[PDB]
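Okay, so here's the structure we're looking at.
Protein chains get the first letters and strands the later ones, always in sequence-line order, with residue 1 at the start of each. Values reported hereafter were calculated over all heavy atoms of this structure, with side chains retained and with hydrogens, waters and symmetry mates removed.
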Number of protein chains: 2
Amino acid sequence: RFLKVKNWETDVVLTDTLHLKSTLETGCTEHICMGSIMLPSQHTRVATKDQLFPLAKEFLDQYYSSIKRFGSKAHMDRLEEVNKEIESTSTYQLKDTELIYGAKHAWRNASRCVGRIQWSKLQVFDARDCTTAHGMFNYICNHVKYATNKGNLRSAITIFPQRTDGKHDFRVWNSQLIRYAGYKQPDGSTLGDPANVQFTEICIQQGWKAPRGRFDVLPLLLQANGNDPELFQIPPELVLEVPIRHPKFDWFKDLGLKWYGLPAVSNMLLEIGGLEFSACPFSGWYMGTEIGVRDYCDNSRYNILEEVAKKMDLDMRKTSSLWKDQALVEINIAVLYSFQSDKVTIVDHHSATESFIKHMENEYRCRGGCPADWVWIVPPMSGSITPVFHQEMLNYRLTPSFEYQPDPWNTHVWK
Amino acid sequence: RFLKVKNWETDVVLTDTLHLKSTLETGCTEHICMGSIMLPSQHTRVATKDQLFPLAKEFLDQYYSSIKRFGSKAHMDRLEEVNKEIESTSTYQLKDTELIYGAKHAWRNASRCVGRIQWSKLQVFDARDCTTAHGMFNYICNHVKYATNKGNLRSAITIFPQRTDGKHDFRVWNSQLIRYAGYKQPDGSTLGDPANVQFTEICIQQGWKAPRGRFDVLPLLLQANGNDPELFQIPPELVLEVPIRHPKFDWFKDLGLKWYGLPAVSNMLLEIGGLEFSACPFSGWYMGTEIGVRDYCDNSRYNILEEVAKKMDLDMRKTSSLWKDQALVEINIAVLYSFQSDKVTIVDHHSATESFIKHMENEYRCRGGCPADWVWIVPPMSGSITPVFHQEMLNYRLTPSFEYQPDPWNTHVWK
Ligand code: HEM
Ligand code: HEM
Ligand SMILES: Cc1cc(N)nc(COc2cc(CCN3CC(F)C3)cc(F)c2F)c1
Ligand SMILES: Cc1cc(N)nc(COc2cc(CCN3CC(F)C3)cc(F)c2F)c1
Ligand SMILES: C[C@H](O)[C@H](O)[C@H]1CNc2nc(N)[nH]c(=O)c2N1
Ligand SMILES: C[C@H](O)[C@H](O)[C@H]1CNc2nc(N)[nH]c(=O)c2N1
Ligand SMILES: [Zn+2]
């Protein structure tokens, strides 16, 4: 009822009492830990009106507790107000301030997010008056423009209307607002990003004329109020990109790599007070490793370690010459150097993981804990030379929260 | 009751039914995952005679099932035989073959061990006739000599007498048979291995004349049958060491680093059929990263990244120049190259993690699963360019097993 987490690099002990407020389940049991299942059935998302008020009551109780006015009359009135509206409409609507609070705390509670030290500096765009795919496109272009801020990236989320019935449902079909296309070739190999080959062909299935190259920014596929989704090209002037060079190796430009400045996740579900927002794209800035390690070096992604090690003149016959590791570091020095040389916000895994430890200290003191997923918080390279490797972390599921959801093209009753 | 684990690099699915035979608890609950607590209270170790027979019965049932003679008469006789002996003596004794089986499967079930593909090729030394610290010393020297095999390392375990009362207890006070000493300096800094500063001073408290340098192989501290422990120097000719050079950088010899060939963990508790073996040192061979990443580069260990990056002429002002990562790779290329150039068995994290995936495929097919701790199975560098990063792993606690135990100098009623 009062759990301790240790840092074995510093011998610092934090005491977690926030996990007692926890609600949702984790997938782990007394006899099995599933802390390395990627998409647990508990992390994926259809609710009724009965269970709605406890969820609303719980959310309002913490919201008014956080504006220093818990249990007051303005609280007890809004409790009844939402109670009455849930009786009448079997749903309800958040105030603007309740929406901003819910969004920031969904991010705050995101236990797999290392970036959370900035959770309170999130810009919330209320798109709940949107009704059409063009409206969504317009709200998303504004989001992109604002969050990019000419390389001085800012955190933002845009929140489309909440689910109601289910078949009326706003969805961004893109997994990210800005992703590169993936095309299968004649021989079977892949041009561009192999992650998106399925989505890239869906866009061609709906009309996209593909420039069939590498870093072809995909179009947005926007579903409005359950209607069939529609294709929109983000104006290129809004899609900020960094060409990737190295500060030693001049052949690194010849690699011709580039990446988009803005990580902007669009397929998630935001849950606030029992309400489900099925389209809620949010963006921040990149940690170096997400591009240079995962995007560039996953076997199932661009998979460039071959060509980088070749041009580095590396012993590639022996696995134990660590040519893979050696080329991975250079690639990440290049992503960082490239982004910083262009004044595009980027953070290295050392700075970001140190900030997360600093963030954890804040959340244990002024909040009683910080839910954190070690499997995801440790960076995908050089893990133990970063402070998060040596920090025990308690993972538990708080709300408001971002949840996964099935892809719309497996559930959308088409036409 | 039939859990699926996915590999997201290969889209391979394994089906785990072995977790149903699981017994011990994990520390996780439905509402909290503790899969990143280092020493869970469930992983640490005093039992009575009542609970003893179910544990024995359970162990014998799987042992005779594995020699293709389950439920036979030779089984049902040994069931009764151990039953009777537990009535009479409130304990019992394993057959040699039952001891070899229990040991191999304790290793087999070690979910944080990436090396397990070799679990059946374990040499079991029965030291259960030992009675004195000199006897232990002699059994441990033979273990070291055999397991080292002049650099052609072989897996081995030496099993001292099982706990009985508790106050009669064989313990190796060293955490590993071969560790370097740690000495605090005048200014407070540390010479040698800072991990062992506490143990190094215990040895001086009992008489060790310290050569107060860096890589000073510690003496063994051996507790026999609950008596006060005694100091013994492993004959240096038995302690095989690798001086660490690089295959490019000739200044790397000037770093003057070296490491011992034999990883030989001595502080663990082996549980077999409810019996507790409090001294059971076991050894294999090193994965590169345990030395080059954790031993050499942990801030709380030798912490050499400073000096290596200096001599590499690295941009060390900016965190984002990744000088830490760049020096870490070279250090691990040097450990591997050094060990292989001396015909001392060593495995790189790429080969070892690929073998573990191959091992998992074997354990899911011919056993129904493989308990695995992702937090510990992923190597401490370049994690996602190794196949274990992308493999979901179910952690659960089977028996026979190795468990942690408190250090003897906090529990030993001294003199
Ligand atoms: C501001 C800079 C940010 C940084 C550096 C950052 C960093 C990261 C990283 C490295 C991950 C691991 C995911 C992966 O490796 O693919 C992650 C996950 C995540 N982040 Fe953050 N992020 C940032 C902003 C945000 C914002 C603004 C939100 C929400 C409003 C957010 C919510 C999440 C969520 C929901 C996850 C995934 C959890 C899951 O998979 O269940 N992040 N972040
Ligand atoms: C043969 C070569 C072996 C290799 C390459 C290997 C590799 C490893 C590695 C890298 C770890 C992580 C621990 C750490 O990072 O400090 C580990 C843990 C472990 N290994 Fe293996 N090991 C080997 C042999 C053995 C043997 C022979 C046994 C037992 C008879 C064993 C039992 C264990 C146990 C109990 C753990 C720790 C689990 C825990 O902390 O609860 N290993 N091994
Ligand atoms: C705003 C922001 C900034 C930043 N630097 N990085 C991120 C990554 O966030 C997420 C990343 C993923 C990746 C999911 N994986 C499973 C599939 F194989 C890819 C899911 C998710 F739900 C996220 F939220 C987000
Ligand atoms: C035989 C063998 C070969 C090989 N290559 N590596 C190992 C490492 O095994 C273990 C390593 C540790 C390290 C515990 N950490 C907690 C403390 F801070 C160090 C514990 C343990 F219980 C192990 F078993 C063993
Ligand atoms: C199998 C495993 O759960 C999966 O590969 C996880 C591991 N940890 C991760 N950590 C982060 N940040 N991102 C990821 O995609 C993953 N993938
Ligand atoms: C906090 C965390 O549990 C601790 O640092 C763990 C992480 N994973 C590890 N993995 C291995 N192989 N060895 C370790 O010592 C650790 N340490
Ligand atoms: Zn867990």
Side-chain angles (χ1 to χ4, degrees), chain A residues 5-14 114 289 325 329 332 347-361 372 374 377-393, chain B residues 36-39 175-176 179-200 214-215 244 255-257 259 287-312 314-332 334-335 349 375-376 378-383:
Chain A
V5 300
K6 187 169 173 179
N7 189 301
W8 296 86
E9 199 218 312
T10 63
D11 297 311
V12 162
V13 167
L14 295 162
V114 86
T289 56
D325 317 69
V329 172
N332 283 256
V347 68
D348 64 79
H349 48 295
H350 302 113
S351 184
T353 52
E354 192 219 315
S355 302
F356 186 73
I357 290 287
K358 213 148 154 289
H359 169 72
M360 252 169 119
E361 299 174 6
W374 192 104
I377 292 298
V378 174
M381 79 185 291
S382 324
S384 66
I385 69 168
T386 65
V388 295
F389 186 86
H390 310 291
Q391 177 76 49
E392 296 168 349
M393 298 165 198
Chain B
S36 92
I37 297 298
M38 170 116 93
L39 317 181
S175 54
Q176 303 178 12
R179 295 212 81 171
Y180 296 129
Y183 315 89
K184 28 182 70 163
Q185 285 298 82
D187 43 328
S189 59
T190 308
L191 180 49
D193 195 339
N196 306 310
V197 177
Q198 223 252 58
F199 183 77
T200 294
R214 219 114 157 85
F215 310 113
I244 302 305
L255 290 187
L257 308 180
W259 205 253
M287 195 176 54
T289 56
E290 307 173 73
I291 307 162
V293 188
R294 304 302 305 294
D295 298 322
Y296 278 162
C297 293
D298 281 2
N299 275 308
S300 297
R301 296 301 292 296
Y302 275 87
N303 192 39
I304 70 173
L305 282 184
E306 293 273 22
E307 247 304 80
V308 179
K310 267 204 57 180
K311 275 174 182 188
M312 290 183 57
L314 284 185
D315 195 340
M316 282 181 49
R317 298 145 296 175
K318 281 74 185 172
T319 156
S320 33
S321 77
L322 302 197
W323 64 270
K324 270 189 181 166
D325 317 69
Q326 210 159 15
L328 178 80
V329 172
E330 304 296 339
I331 292 171
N332 283 256
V335 177
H349 48 295
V375 168
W376 285 59
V378 174
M381 79 185 291
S382 324

For B/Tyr183, which residues count as a ring-ring contact (aromatic ring centres under 6.0 Å, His included) partner, sequence neighbours excluded? none
Test ring-ring contact (aromatic ring centres under 6.0 Å, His included) applied to B/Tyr180 - qualifying residues, sequence neighbours left out: B/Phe215, B/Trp259, B/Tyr260
Value rounded to 0.5 Å, distance of [atom1] in [X] from [atom2] in [Y]:
| X | Y | atom1 | atom2 | value |
| --- | --- | --- | --- | --- |
| B/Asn303 | B/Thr190 | CG | OG1 | 10.0 Å |
| B/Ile37 | A/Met393 | CD1 | CE | 10.5 Å |
| A/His390 | A/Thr10 | NE2 | OG1 | 10.0 Å |
| B/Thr319 | A/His350 | OG1 | NE2 | 6.0 Å |
| B/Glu330 | B/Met312 | CD | CE | 4.5 Å |
| B/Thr289 | B/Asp295 | OG1 | CG | 9.5 Å |

So, applying side-chain contact (heavy atoms from CB on, under 4.5 Å) with B/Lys324, which one of A/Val329, A/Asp348, A/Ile385, A/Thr386 is it? A/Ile385
Please report the closest heavy-atom contact between [X] and [Y], naming both atoms and the distance.
| X | Y | value |
| --- | --- | --- |
| A/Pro387 | A/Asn7 | O-ND2, 3.9 Å |
| B/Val308 | B/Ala327 | CG1-CB, 3.9 Å |
| B/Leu328 | B/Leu305 | N-CD2, 3.8 Å |
| B/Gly292 | B/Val335 | CA-CG2, 3.9 Å |
| B/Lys184 | B/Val197 | CE-CG1, 3.6 Å |
| A/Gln391 | A/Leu14 | NE2-CD1, 4.3 Å |

Checking [X] side chain against [Y] main chain: does a donor-acceptor pair fall under 3.5 Å?
| X | Y | value |
| --- | --- | --- |
| A/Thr353 | A/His349 | yes |
| A/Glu392 | B/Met38 | yes |
| B/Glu307 | B/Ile304 | no |
| B/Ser321 | B/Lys318 | yes |
| B/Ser300 | A/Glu9 | yes |
| B/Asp193 | B/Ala195 | yes |
| B/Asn196 | B/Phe199 | no |

Can you name the residues that form a side chain to side chain contact (heavy atoms under 4.5 Å, CB included) with B/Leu39, not counting sequence neighbours? A/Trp8, B/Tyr404
Does B/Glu290 CD have over 12 foreign heavy atoms under 6.0 Å away? yes
Check whether any side-chain heavy atom of [X] lies under 4.5 Å from a side-chain heavy atom of [Y], and answer yes or no.
| X | Y | value |
| --- | --- | --- |
| A/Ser355 | A/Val114 | no |
| A/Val12 | A/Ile357 | no |
| B/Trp323 | B/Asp315 | no |
| B/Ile244 | B/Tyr296 | yes |

Is the closest side-chain donor-acceptor distance between B/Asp187 and B/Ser189 under 3.5 Å? yes
Which is it for B/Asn332 and A/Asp325 under the side-chain contact (heavy atoms from CB on, under 4.5 Å) test, yes or no, and what are the steps along the way? CA-CA 10 Å; B/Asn332 283 256; A/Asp325 317 69; over 6 Å; no
